[PDB]
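To keep things clear, I will list the structure first and then write my remarks on it.
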Amino acid sequence: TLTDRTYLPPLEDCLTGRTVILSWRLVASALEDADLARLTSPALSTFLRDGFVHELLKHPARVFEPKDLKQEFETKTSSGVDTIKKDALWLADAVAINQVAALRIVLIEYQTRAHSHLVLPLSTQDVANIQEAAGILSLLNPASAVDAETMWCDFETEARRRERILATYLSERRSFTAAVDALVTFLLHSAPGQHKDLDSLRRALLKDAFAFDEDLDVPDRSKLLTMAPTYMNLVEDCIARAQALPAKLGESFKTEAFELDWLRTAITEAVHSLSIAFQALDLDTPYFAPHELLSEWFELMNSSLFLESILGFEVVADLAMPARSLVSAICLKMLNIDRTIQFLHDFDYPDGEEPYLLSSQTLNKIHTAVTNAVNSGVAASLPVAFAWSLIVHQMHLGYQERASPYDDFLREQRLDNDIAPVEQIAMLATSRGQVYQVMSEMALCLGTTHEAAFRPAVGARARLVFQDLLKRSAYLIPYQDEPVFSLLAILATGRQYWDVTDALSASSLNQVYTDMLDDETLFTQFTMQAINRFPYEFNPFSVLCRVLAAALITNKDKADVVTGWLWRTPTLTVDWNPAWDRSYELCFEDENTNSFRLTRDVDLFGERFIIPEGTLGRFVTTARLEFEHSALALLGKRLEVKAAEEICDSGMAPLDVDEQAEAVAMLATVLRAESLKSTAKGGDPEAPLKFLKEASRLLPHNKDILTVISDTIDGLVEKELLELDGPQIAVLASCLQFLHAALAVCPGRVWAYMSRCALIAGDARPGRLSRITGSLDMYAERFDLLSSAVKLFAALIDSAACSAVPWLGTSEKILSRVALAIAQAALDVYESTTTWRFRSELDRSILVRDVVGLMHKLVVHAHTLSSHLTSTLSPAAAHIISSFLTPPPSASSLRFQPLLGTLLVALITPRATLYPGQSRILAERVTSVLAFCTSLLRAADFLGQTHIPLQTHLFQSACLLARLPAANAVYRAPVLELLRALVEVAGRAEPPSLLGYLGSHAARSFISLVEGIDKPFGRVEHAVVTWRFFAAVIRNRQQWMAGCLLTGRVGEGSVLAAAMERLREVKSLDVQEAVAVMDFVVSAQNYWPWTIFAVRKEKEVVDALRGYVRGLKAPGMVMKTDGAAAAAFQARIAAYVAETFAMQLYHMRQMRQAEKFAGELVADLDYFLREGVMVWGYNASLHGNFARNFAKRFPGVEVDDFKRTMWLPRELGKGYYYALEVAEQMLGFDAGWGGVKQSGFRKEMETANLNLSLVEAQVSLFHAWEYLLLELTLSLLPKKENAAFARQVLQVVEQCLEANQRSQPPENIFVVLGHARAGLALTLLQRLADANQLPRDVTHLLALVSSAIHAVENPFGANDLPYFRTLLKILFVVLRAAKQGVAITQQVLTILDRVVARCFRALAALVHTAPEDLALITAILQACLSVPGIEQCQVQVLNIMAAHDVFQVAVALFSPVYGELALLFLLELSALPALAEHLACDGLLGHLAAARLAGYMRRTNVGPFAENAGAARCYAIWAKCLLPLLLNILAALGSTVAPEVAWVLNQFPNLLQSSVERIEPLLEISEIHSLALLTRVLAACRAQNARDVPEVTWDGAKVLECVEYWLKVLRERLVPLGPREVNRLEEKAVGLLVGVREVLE
Amino acid sequence: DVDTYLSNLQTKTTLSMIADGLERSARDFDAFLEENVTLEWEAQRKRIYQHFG
Amino acid sequence: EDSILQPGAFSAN
């Protein structure tokens, strides 16, 4: 019941792309990088947890053993398949693999065609762009370069396709081998403290495959121990294929390149098999392996000549050296020299397994194999031969004491009497230390340093055999310098100073080290002797202390061993000075020991180091002294004496240059280890301080070890850096390393010295660090200096970044100057690195990585915050930015060529399964370069840079970054990020066409590679990254790329085809990725709607249902329930969904298909009604509490100082406003940030950031719902669903009005809400009044508006004018709705008494902007005086309206838009009878006849259409306002004011003439009605008295004839100019005519 | 339908066209206020016509 | 130190 479903998914998925098969390349990468997300991914988890994959990895031979699976192949290929089947059949016929494996490899190659095409030589345009960028760096091949057309036409050929298929087959073989090897490594030597998911997966895989259960006291190793022969037998087929290529393969394909590729693949497979065997063997170290397998293995090696026949070529040295080393390692492992000698000397049976010692045939085979190997003249057999010789040397003696099975061997090959052959072999092996040199080389290739060929654990477990051999060969050959240097190169491996970390690993990895202190043979022979030979033999003891301090940082059981050895050294040994010949006497105790006793009181360095008289010593023939002392203090004193350039003839000899360098290096490493272990829990924080105090002990009080290093630098820096020998450069590197080490525990003195180091732009004296530039050769001697100086500078900048604090003796100016000098030196190094010639590329790669990381940390630290905390490095960051954004045109390319060269070297580095150190270093270098490019792009985008000369080079760098990911998947996210930032800089700056730089074929390949968002694993980080990249690429003016990415060449394989598949599962998908997916959807809709909306409507049955599901089951208050950070994510998702719904509804309305969709969607707005316009979830309480608690504990640093500078797009997470990524390292130095039980300020800051993100999501949802409801109000115009609609609108208005009163958010963090949410309710009430569907429930709705108007500070004429105007319009529409509807009058008189009067008085006082405000107030009063509740409370309101004496100021302002508005205001005031008569009093007539407007009125120019603006304005102010007021004041009393109106009429007859003349064969018909009523009333009055109304000044003939001749032709002169947004007037006009017939007739 | 939609389409962000609804509302409100104040003047005159009798 | 690769010396080892 073990099928290949998960192993080989159906062909339909592989072709359609719905499920990318987890090829062995991805598994190998995930197992090599030890990535948590990928290893814990569902796809890979199910793939590894399957029993089929377990059986396959436990039997790799079956994966390629020739079988007849024709039936399975036909069943899989049945139910572009013809070509796939043809290629599979051809491959199965050529190679002996089965048809299923061939089909799988062909499918994988088909899915990986993008990479195979991108790893091809570039086109001609690319070479031209590279040459233009270049203005060394000659890694191109233009002689063979061709265009893209001929490159693609040749790619689709048959021969090239078959060659690519074979290359992919070999690559997949190598990937499978590496993946199974890494899986066995991780399962056997799993590191502790790993994630729970990793441990669970490991336990599951073990229990399923090998039944290896950790809870069992004795797990089942059987199934794990049976993995050695499984690969030892496959090595046979590997070497057979290496020595002979497939015969059935066509001869045309068997070219030199193919032969080399096949040989390299076979060598890699053999190396991986050997490594897996070595791992399965060391899994059971003490017990022996089955001799039946070692017999066959030794016969195999004898026949194949230890793979020297296939490795004999000179083109496989890089793979041969590690292959030979691993062969030697596995040979020494299966030999078990230690256990073999234990058995030969103990004679006790191990009982684990029978050894080959009981079989004489195996011994004979091993002996003849070793003899043949030594006679063939091969170096790989040196350690194995030597070991075997030792074994025979112990068997001979074993036979002499017994003079049993081994005797048969000893007598079969005539090895009993004579011992000549093995002795000669050992002599030859030890001559010239060839065996030791080859062992050191193997350890280097099998170590942990970056130079090692395998992973750190692989080398850690491989060095065990060599260490045991040296243990077993120590007591035989005497102590000598060669074995010591060999063991040193083994244990240390030649790693650097920064290769030391406190990362806790499995005890197994530390075994190889602890063995030095566990076994007595390696303790009393190497460690004790190394300690005794000091400082005479300084390098061994120094390197031993260094490696011990680097390896035992986390081991608390042996953490004080280095400190003990350094502070309590048991003995002393140094050269003898002839001057001391008269200061000793021989005790004549033992002449062989040559002991003696001091007779004089020797004073060394004449507290100071004094030795007491009477100390014993041994002459080692130099001499040993058995005196207890602290070697650290003596070493510091020697360093001081050497730095002072003083020599003592009567004292000990001075340290050598190399000796001093190694001393300072070991001191720096020990200090770093102490500083790293002190921070860890359980240590002592005084460890580094105590170490420095001991180092500066018994020294002059005026100086310490730091001062000693300062004097050393000052003495060695006198001459030019170029005029320095190797060892002096090693000394300078070591002193810089010691400064780096001491930077942690004593930053103050380090900065004080760097301020005057005189080595970085310090003074004009020779010795500056910038003079080592030019076209020089930076070998290992000259590279160890800069590689350390750059890291020292990076550490200095990191320490300075913590400006929130140990620091006695520093100041802001000093740190700023040091940082500026460091930046200048780093920039000089970055500009000069493009000319040096390094012995290898790894050195230059590390240098570029270090300088780029330093520059990136400098740039980010400057813009991450905007407070004073980032001022120490501000001149430096500023300098670097001015020099990398706007450099001079002469040196512009010198700063860009390094990046181009790095990208070239990365895009043409071959893929290799070995040397993981170089791979990870190159990956980190690429990621640092990409991050630095992104930082530069963001810096250019900020500060307002309109012309970025770096963009021209970044385009041609993206030309290479498009193919760079093809070499490594790790680069897929960083590269995309960079591209996103380049696009962002191209937006706020058409831009340079990116298709011209990328190319059609290359661009299509990149799109086909990136369109699938991390399909094989499905991680969230790389998903959000690719969705932000897609959104940024679409938002910009990119159109070709956007079209190719959306259409896919609708969409069938385009990004959207997968975005819909992710949208249809948002109910279970991570909310974090859902936000990015929705952002991509919105970015594709707003810029490319015609495609996205079309595809969504064609597939709406899957999206609308999921949207409704999300909306219905989205609670409003999610904080109280389970989940606190998910609230902001859910709010953002809802906001994006609402925005998309609104956009699609707008599109449908434009298409007139939005009725049914809107009617179905309105029933899903529940979540909106719950958590929409209401922004009261700001919880200012906890924010204020946190601010107070932070200001009380940090008086200097404020909470607002951590505000982001808007350098990077703010994340909607725990770092929206407060920079947590920096705070974690800035405030975590003192107690209070960490907190007990995950408490303190960190959790509160995280909660505050989450609340701010939630508020931002609420604002986004506010805007989205605002647009949605604004369009729906127009959509839902008909008379249906009115109830729910009005309820929702009223609820929204109430929530807005309540939030306007409740606690407001800050204005510096978020945008001011004033005037942002008022127009929303304004337009809502507008449209609801237009529909006339209000429930006249203003009794409570107006209270909030009144409270807001009262508590707004009365900014009538302040800067907050929009807010005042929108509030006035809101209250206007509210009181109008109220008018349509008593308990209302008492609630609406407040606005008539306190609001209108106060605002009118303020406006009248300010006017001494204003016109529109006064008109709005007039309209407010007019619409407010119309409420039915006022027609009875007129009595009550007369006093409030008369108390402010508004009429006086109105008439004053009337004394010309201001006069118009004042006239309208007093008119609306006269609407009440008491006010009507009050205005009708003589107060009015006075100014009415004295007004200055009468100047223009008397002029005949008056007219409605008069050319002059003044004349028409006056005519309108008279027609629209004066006549209604006249009628109103006449209503009060007419008989008394008739003389007055008569005099006014005869004083200005021009108005009457113009009114009766313009109309010949409306606001004027109202005038006619007013005149008719006036005539009627004045006639009725005159009927009694004749004194008044002397003349009517009005005609009946003309006016009657007019109204006769004006009762379709009427539309001749009806051109309404004012109203143009809406039968309208004719009805009114006829009504007025009826009124005329009612007054005149 | 899609043919005409693509023919009469403009290359510009969609979120900017819907925004024009705000401008349109700000331009309609004026006429709406003018209609309010005209139906109000009308009402007032009516009530006066019912006061005189 | 002494004779290289001492092949004759006998010790308890």
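Note on naming: chains are A, B, ... as they come in the structure tokens, residues start from 1 per chain, ligands start from 1 in the order shown.
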What residues in chain A lie within 9 Å of chain B, counting only C-alpha atoms, written as a PyMOL selection string? chain A and resi 1085-1090+1094+1143+1146+1151+1267+1270-1271+1319+1323+1326+1330+1376+1419+1422-1423+1426+1471+1524+1528+1531+1618-1622
Once you count only C-alpha atoms, which residues of chain A turn out to be within 9 Å of chain C? Could you give them as a tab-separated table (two decimals) with N, CA and C atoms, in the first residue's frame?
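File produced: iface-v4.tsv:
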chain	number	residue	atom	x	y	z
A	393	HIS	N	52.00	-3.28	12.70
A	393	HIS	CA	53.04	-3.13	13.71
A	393	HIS	C	52.57	-3.58	15.08
A	423	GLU	N	57.10	-1.29	7.29
A	423	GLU	CA	58.02	-0.30	7.82
A	423	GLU	C	58.46	0.68	6.73
A	426	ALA	N	55.55	3.04	6.01
A	426	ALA	CA	55.43	4.08	7.03
A	426	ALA	C	56.54	5.11	6.90
A	427	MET	N	57.76	4.66	6.61
A	427	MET	CA	58.87	5.58	6.39
A	427	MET	C	58.57	6.53	5.24
A	430	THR	N	55.88	9.07	6.26
A	430	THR	CA	56.30	10.10	7.20
A	430	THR	C	57.40	10.99	6.63
A	475	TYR	N	51.56	8.19	20.63
A	475	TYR	CA	52.49	7.49	21.51
A	475	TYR	C	53.50	6.63	20.75
A	476	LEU	N	53.29	6.40	19.46
A	476	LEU	CA	54.23	5.60	18.66
A	476	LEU	C	55.38	6.47	18.14
A	477	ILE	N	55.06	7.42	17.26
A	477	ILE	CA	56.06	8.38	16.78
A	477	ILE	C	56.18	9.46	17.84
A	478	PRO	N	57.36	9.99	18.14
A	478	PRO	CA	57.49	10.92	19.26
A	478	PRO	C	56.85	12.27	18.95
A	479	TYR	N	56.77	13.09	19.99
A	479	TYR	CA	56.26	14.45	19.84
A	479	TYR	C	57.17	15.25	18.91
A	480	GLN	N	56.56	15.94	17.95
A	480	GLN	CA	57.31	16.68	16.95
A	480	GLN	C	56.41	17.75	16.36
A	481	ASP	N	57.03	18.75	15.73
A	481	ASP	CA	56.29	19.92	15.28
A	481	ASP	C	55.31	19.57	14.17
Name all residues at most 9 Å from region 156-168 of chain A (count only C-alpha atoms; drop same-chain ones fewer than 4 positions away) and give them as an NGL selection string. :A and (87 or 91 or 105-106 or 108-110 or 112-113 or 116 or 152 or 172-173 or 252-253 or 258 or 261-262)
Would you give me, as a PyMOL selection string, the residues in chain B that DSSP reads as alpha helix (DSSP H)? chain B and resi 2-7+14-52
Could you pull the residues within 12 Å of region 315-325 of chain A, counting only C-alpha atoms, minus those fewer than 5 positions along the same chain, as a PyMOL selection string? chain A and resi 256-257+259-275+278+301+305-310+330-332+378-384+438-447+451-454+459+462-463+465-466+912-915
List the spatial neighbours of residue 134 (chain A) as a PyMOL selection string - criterion: any atom at most 12 Å away, only C-alpha atoms, same-chain residues fewer than 3 positions off excluded. chain A and resi 127-131+137-140+834+891-901+904+953+956-957
Next, the residues of the selection above should be written as a JSON list (two decimals), in the first residue's frame with N, CA and C atoms.
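Listing of selection16.json after writing:
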[["chain", "number", "residue", "atom", "x", "y", "z"],
["A", 127, "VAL", "N", 25.20, 42.20, -23.51],
["A", 127, "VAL", "CA", 26.64, 42.47, -23.51],
["A", 127, "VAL", "C", 26.90, 43.94, -23.77],
["A", 128, "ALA", "N", 26.11, 44.55, -24.67],
["A", 128, "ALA", "CA", 26.28, 45.98, -24.94],
["A", 128, "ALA", "C", 25.96, 46.81, -23.70],
["A", 129, "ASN", "N", 24.89, 46.46, -23.00],
["A", 129, "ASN", "CA", 24.54, 47.19, -21.78],
["A", 129, "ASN", "C", 25.63, 47.03, -20.72],
["A", 130, "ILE", "N", 26.20, 45.83, -20.60],
["A", 130, "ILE", "CA", 27.27, 45.61, -19.63],
["A", 130, "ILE", "C", 28.49, 46.43, -19.99],
["A", 131, "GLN", "N", 28.84, 46.48, -21.28],
["A", 131, "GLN", "CA", 29.98, 47.29, -21.71],
["A", 131, "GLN", "C", 29.73, 48.76, -21.44],
["A", 137, "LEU", "N", 36.95, 42.88, -14.76],
["A", 137, "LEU", "CA", 35.57, 42.96, -15.25],
["A", 137, "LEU", "C", 35.50, 42.54, -16.72],
["A", 138, "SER", "N", 36.06, 41.37, -17.00],
["A", 138, "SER", "CA", 36.08, 40.79, -18.34],
["A", 138, "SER", "C", 35.62, 39.34, -18.30],
["A", 139, "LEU", "N", 34.54, 39.08, -17.55],
["A", 139, "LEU", "CA", 33.99, 37.74, -17.40],
["A", 139, "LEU", "C", 32.93, 37.43, -18.46],
["A", 140, "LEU", "N", 32.97, 38.11, -19.60],
["A", 140, "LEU", "CA", 32.01, 37.92, -20.67],
["A", 140, "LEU", "C", 32.61, 37.04, -21.77],
["A", 834, "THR", "N", 37.70, 47.46, -6.66],
["A", 834, "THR", "CA", 37.52, 47.10, -8.06],
["A", 834, "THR", "C", 38.82, 47.06, -8.85],
["A", 891, "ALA", "N", 33.82, 59.98, -11.47],
["A", 891, "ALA", "CA", 33.94, 58.80, -10.63],
["A", 891, "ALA", "C", 32.59, 58.14, -10.38],
["A", 892, "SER", "N", 31.66, 58.27, -11.33],
["A", 892, "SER", "CA", 30.34, 57.68, -11.16],
["A", 892, "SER", "C", 30.37, 56.17, -11.40],
["A", 893, "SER", "N", 31.17, 55.72, -12.36],
["A", 893, "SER", "CA", 31.24, 54.29, -12.68],
["A", 893, "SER", "C", 32.15, 53.53, -11.73],
["A", 894, "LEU", "N", 33.09, 54.20, -11.07],
["A", 894, "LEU", "CA", 33.98, 53.52, -10.14],
["A", 894, "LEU", "C", 33.21, 52.98, -8.94],
["A", 895, "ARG", "N", 32.10, 53.63, -8.57],
["A", 895, "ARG", "CA", 31.28, 53.18, -7.45],
["A", 895, "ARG", "C", 30.24, 52.15, -7.86],
["A", 896, "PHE", "N", 29.97, 52.01, -9.16],
["A", 896, "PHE", "CA", 28.96, 51.07, -9.64],
["A", 896, "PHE", "C", 29.55, 49.79, -10.21],
["A", 897, "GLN", "N", 30.79, 49.82, -10.70],
["A", 897, "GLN", "CA", 31.39, 48.61, -11.24],
["A", 897, "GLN", "C", 31.49, 47.47, -10.22],
["A", 898, "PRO", "N", 31.75, 47.72, -8.94],
["A", 898, "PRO", "CA", 31.79, 46.59, -7.99],
["A", 898, "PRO", "C", 30.50, 45.79, -7.96],
["A", 899, "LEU", "N", 29.35, 46.47, -7.91],
["A", 899, "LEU", "CA", 28.07, 45.77, -7.88],
["A", 899, "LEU", "C", 27.86, 44.97, -9.16],
["A", 900, "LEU", "N", 28.20, 45.56, -10.31],
["A", 900, "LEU", "CA", 28.05, 44.86, -11.58],
["A", 900, "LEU", "C", 28.92, 43.60, -11.61],
["A", 901, "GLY", "N", 30.17, 43.72, -11.16],
["A", 901, "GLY", "CA", 31.03, 42.55, -11.12],
["A", 901, "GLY", "C", 30.51, 41.48, -10.19],
["A", 904, "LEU", "N", 27.69, 39.75, -11.93],
["A", 904, "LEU", "CA", 28.21, 38.88, -12.98],
["A", 904, "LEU", "C", 28.75, 37.58, -12.39],
["A", 953, "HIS", "N", 22.10, 52.80, -14.07],
["A", 953, "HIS", "CA", 22.87, 51.60, -13.78],
["A", 953, "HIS", "C", 22.02, 50.53, -13.11],
["A", 956, "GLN", "N", 20.31, 48.36, -15.80],
["A", 956, "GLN", "CA", 21.18, 47.33, -16.37],
["A", 956, "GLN", "C", 21.62, 46.31, -15.33],
["A", 957, "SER", "N", 21.49, 46.63, -14.04],
["A", 957, "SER", "CA", 21.71, 45.62, -13.01],
["A", 957, "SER", "C", 20.51, 44.70, -12.87]]
